[PDB]
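Asks: okay, here's the opening piece of the assembly, coordinates as they are in the complex:
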Amino acid sequence: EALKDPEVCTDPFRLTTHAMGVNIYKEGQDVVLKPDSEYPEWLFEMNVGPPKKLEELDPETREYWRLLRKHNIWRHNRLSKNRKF
Amino acid sequence: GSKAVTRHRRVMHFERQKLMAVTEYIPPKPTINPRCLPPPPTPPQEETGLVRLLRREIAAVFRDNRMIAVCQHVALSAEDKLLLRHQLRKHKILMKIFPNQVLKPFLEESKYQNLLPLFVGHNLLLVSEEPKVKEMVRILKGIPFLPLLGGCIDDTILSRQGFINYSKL
Amino acid sequence: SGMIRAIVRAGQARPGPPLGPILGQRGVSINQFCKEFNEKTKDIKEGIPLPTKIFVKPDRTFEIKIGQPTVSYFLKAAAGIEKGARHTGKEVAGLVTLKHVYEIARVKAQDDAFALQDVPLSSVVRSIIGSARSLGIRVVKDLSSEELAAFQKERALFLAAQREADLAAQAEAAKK
Amino acid sequence: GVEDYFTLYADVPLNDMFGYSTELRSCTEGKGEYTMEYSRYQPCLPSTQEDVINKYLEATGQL
Amino acid sequence: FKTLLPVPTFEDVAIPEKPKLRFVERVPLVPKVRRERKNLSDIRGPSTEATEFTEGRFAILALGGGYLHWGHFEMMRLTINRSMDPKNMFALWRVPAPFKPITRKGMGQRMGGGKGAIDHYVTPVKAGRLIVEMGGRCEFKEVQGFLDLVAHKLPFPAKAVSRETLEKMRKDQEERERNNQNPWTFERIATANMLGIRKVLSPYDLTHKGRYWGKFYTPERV
């Protein structure tokens, strides 16, 4: 009762060549990496680091109010830490 | 012979008690109680970014698309709600939900004041381009307790029977 | 009876807890459920976990709905690290690429949740990025020639020293 | 466990394992049974250590 | 429906090192060998020092007078250090270590014979003084809720206040004392020596204005 044993057989090379976790069935057939000539631009046009801030978003879009609601939830949770019930 | 500072409240002299009772505080009581007095002038409220975005979104909805159907949002399970979402996206007709506090004033200001009695309870706005009510009626027939209240198909407000006639047309 | 969520391996579905007593209290058999699960996941690589939903009816009958394998498992496999990092954000566990993230999104989109939700692959890619940053794995744009091994040797030294320090701290706590 | 019968492994001190046959079956309606064997030693807890020290003192007379 | 209000964000508040409370000694490093007299002027009257905030934002304000010893110090220290957040909150003392000695005698000793023996040390605290001052990137409701316990367990009546609360209560006090209706006030009577009431009053009443009586402080007396 553990995870799959097959993990990074040739770590310096196979991981760079392609992904091995894509094959779920017992029939081993790993997919090719499909270099950048195949994947569209939205894959690279997204943030791959730390998220943005409420002081950086503009108060005319929807994600700004999403983050504001999330911060209000966090504030209410911090205030509700003295629940005696 | 007690100390100057004690714990038993150090019961005072009778003259000191009289002096305290005389020098007690008296709050200012006006002639007319200002509570039920005619209220002060209105402190008018300002519009916020959220209500501005809601107004802009409702305007864009009512200007761009053609089929704007109004239905009663039935309290169903989230799995069934997402299944209905998928069955509507198959036909490429979306759903939206707007708060009454922002939808009633916009509708009573615009030309759609004939929809006021429809937005009393829960509401759901089915938005579609190139209206095709046949598939909508078919997909709402599969659910018994989800009735179509009404809506507008190209600036033509119709009831459930009107929608049925438009679908059979 | 209702819905039960479970996460069991592909072919390692044993009739003991923490799966036995649940279906035992519900009413359905455990050996029968294990046989059904094994015969339904016999083609799956034994060792990987995948979520399943068991719908038990009042007549002690059960139906099974299996989803795509665990995204944590997908990320750990794509990174080549067995067990994720402890101090997320403070240490680096593995190294994946946007290509691998898009591949995981493509192979996991065919599930119940992302089938009911008509979302594009961008949403799934963002969810995979979030899960990877939660695991502590960094996601570089496009860097995989030898940097994977250059970071792997340092990560191996780091985990070896971490295990040594853990054993030392355990011995110290036992002696104190 | 196998089926409707879980087998629980645990490490319980012998000094506290007394009078367990009258409690296990009493809380399991008599359907439970247990088997044990001497396994290892470990440093005793402070409360029991002080208790057995006081016992030895009262046995030897002087505190 | 409800409009989303923004959350208060704190970034200029720098949490210093060692945010928790420090340890205080029951007896200082240089114990007073010469026994002193128990002056009550250190309790009678309003507090003159440590009446404003220095770096913190919340505080435990004492509306009365009394003594604080090692037991109360340990109680406050343990409670605050176990119920505070060392990552977002810091605390600081506003009262020094106990230095005033207190003399005691054993039971069975008749009156007189000389002074007793130094038993313990206490810290004199006047009315209107802050005891513990805390700061950080936290709100006011949680710190108030978790400091009301210490304020209750303190000997004198105490309240968990902040800059805003102290300013508000002082403004309310000034408003009341300036819009009071009766023309006769304790301060006016004591200063003019009306009715010969100086025979009953005390020379410190001329300054206390009938607000401080012994160790008790009633803020509702103008």
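Replies: Cool, got the structure. Numbers count the residues shown, from 1 in each chain, chains lettered A, B, ... in the order given.

Asks: can you give me the helices in the chain?
Replies: Looking at chain A here, since you left the chain open. Taking DSSP state H, the helices of chain A run over residues A:14-17, A:62-79.

Asks: actually chain D
Replies: With helices called from DSSP H, chain D shows them at D:21-27, D:46-60.

Asks: separation between residue C:92 and residue A:21?
Replies: 19 Å (C-beta to C-beta, to the nearest Å). Where you see a C-beta, it was placed from the backbone N, CA and C, and this is true even at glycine.

Asks: between these two, tell me which one has more neighbours.
Replies: A count of neighbours by other C-beta atoms under 10 Å in any protein chain shown puts residue A:21 above the other of residue C:92 and residue A:21, at 24 against 17.

Asks: pull out the buried residues from stretch C:2-17.
Replies: Across stretch C:2-17, burial judged by 16 or more other C-beta atoms under 10 Å in any protein chain shown covers C:4, C:6, C:8, C:9, C:10, C:11, C:12, C:13, C:15, C:16.

Asks: with distance to residue A:66 and secondary structure as extra columns, can I get those residues in JSON lines?
Replies: Below are the buried residues of stretch C:2-17 laid out as JSON lines (distance: C-beta to C-beta, whole Å; DSSP: H, G, I helix; E, B strand; the rest coil):
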{"residue": "C:4", "distance to residue A:66": "32", "secondary structure": "strand"}
{"residue": "C:6", "distance to residue A:66": "32", "secondary structure": "strand"}
{"residue": "C:8", "distance to residue A:66": "35", "secondary structure": "strand"}
{"residue": "C:9", "distance to residue A:66": "37", "secondary structure": "strand"}
{"residue": "C:10", "distance to residue A:66": "37", "secondary structure": "coil"}
{"residue": "C:11", "distance to residue A:66": "42", "secondary structure": "coil"}
{"residue": "C:12", "distance to residue A:66": "41", "secondary structure": "coil"}
{"residue": "C:13", "distance to residue A:66": "40", "secondary structure": "coil"}
{"residue": "C:15", "distance to residue A:66": "45", "secondary structure": "coil"}
{"residue": "C:16", "distance to residue A:66": "44", "secondary structure": "coil"}
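
Asks: next one is chain F, place it on the structure:
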Amino acid sequence: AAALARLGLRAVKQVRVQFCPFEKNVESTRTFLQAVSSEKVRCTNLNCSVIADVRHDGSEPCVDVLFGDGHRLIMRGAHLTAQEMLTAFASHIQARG
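Replies: With chain F added, the chains above now look like this:
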């Protein structure tokens, strides 16, 4: 809806609410309809049939509840409160069910 969820609505056959959305007294009617069509009422019993009749010139909202005790509860709710309708229906199905 929690009342009808915890009251055990397994003992009902058909519940139909006939109304006209273009009237001026349909608030309580639609509130009752949603309270009886909530997900909890559905999961309480699956053999029941919930029907919502929508008209345009009926001008008389009504609720018909047929349950297997041979009972037909008809409530012509045009001025009654939704809570009053709900509590009356609950009391009746609890007394006869």
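
Asks: give me the neighbour count for the nearest residue to residue E:213 once chain neighbours are set aside.
Replies: Distances taken as C-beta to C-beta, 6 or more residues apart in numbering or on different chains place residue B:10 nearest to residue E:213, at 6.9 Å, with adjacent residues excluded. Residue neighbour count, defined by other C-beta under 10 Å, stands at 14 for residue B:10.

Asks: same question, residue E:147
Replies: Neighbours around residue E:147, by other C-beta under 10 Å: 26.

Asks: sec struct for it, please.
Replies: helix (DSSP: H, G, I helix; E, B strand; the rest coil).

Asks: that one touches residue E:58, doesn't it?
Replies: Yes. With contacts counted by C-beta atoms under 8 Å, residue E:147 reaches residue E:58, the gap being 7.0 Å.

Asks: by proximity to chain F, which residue of chain D wins?
Replies: Of all residues in chain D, the one sitting closest to chain F is residue D:4 (28.3 Å; C-beta to the nearest C-beta).

Asks: so that residue makes contact with residue C:25?
Replies: No. Look at residue D:4 against residue C:25 with C-beta under 8 Å: they stay out of range, at 9.4 Å.

Asks: is stretch E:39-49 anywhere near chain B?
Replies: Yes. Using C-beta under 8 Å from any C-beta of the partner chain, stretch E:39-49 reaches chain B at E:40, E:43, E:44.

Asks: which one of these has the most neighbours?
Replies: Neighbour max across these (other C-beta under 10 Å) = residue E:43, 22 neighbours.

Asks: please slot chain G in as well:
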Amino acid sequence: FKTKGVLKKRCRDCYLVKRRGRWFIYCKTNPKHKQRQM
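Replies: Placed with the earlier chains, chain G looks like this:
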């Protein structure tokens, strides 16, 4: 029942009622939360 000077709810199901000239914290889920103001 516990006779106290200051009553306070211990769970979200305790309700405070004014009866017999006193306050009573009654709980139906956990009967051990029954409090009575003295």
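
Asks: please look at the neighbour count of residue E:147 again, because chain G has been put in.
Replies: Neighbours around residue E:147, by other C-beta under 10 Å: 26.

Asks: got the contact list for it?
Replies: E:58, E:60, E:80, E:132, E:134, E:160 (C-beta atoms under 8 Å, 6 or more residues apart in numbering or on different chains).

Asks: of these, which belong to strands?
Replies: E:58, E:60, E:132, E:134, E:160 (DSSP state E).

Asks: ok, the residues you listed vs chain F, which is closest?
Replies: The closest of the ones in strands among the contacts of residue E:147, once distances to chain F are taken by C-beta to the nearest C-beta, is residue E:160, at 38.8 Å.

Asks: distance of the closest one from chain D?
Replies: Distance of residue E:160 to chain D, given as C-beta to the nearest C-beta, to the nearest Å: 39 Å.

Asks: nearest spatial neighbour of that residue, chain-adjacent residues omitted?
Replies: Nearest to residue E:160 is residue E:147, by C-beta to C-beta, 6+ apart, at 3.7 Å.

Asks: and what of residue E:51?
Replies: That would be residue E:128: by C-beta to C-beta, 6+ apart, it lies 5.9 Å from residue E:51.

Asks: what's the answer for residue C:143, then?
Replies: Per C-beta to C-beta, 6+ apart, closest to residue C:143 is residue C:97, 7.4 Å.

Asks: chain B contacts on chain F?
Replies: Residues of chain F lying close to chain B by C-beta under 8 Å from any C-beta are F:1, F:21-24, F:26-27, F:30-31, F:33-34, F:37-39, F:42, F:49-56.

Asks: quick one, phi psi at the residue nearest to residue E:194 when sequence neighbours are not counted?
Replies: Once flanking residues are discounted, residue E:194 sits nearest to residue E:188: 7.7 Å by C-beta to C-beta, 6+ apart. Backbone torsions for residue E:188, taken as degrees, to the nearest 10, come to phi -60, psi -50.
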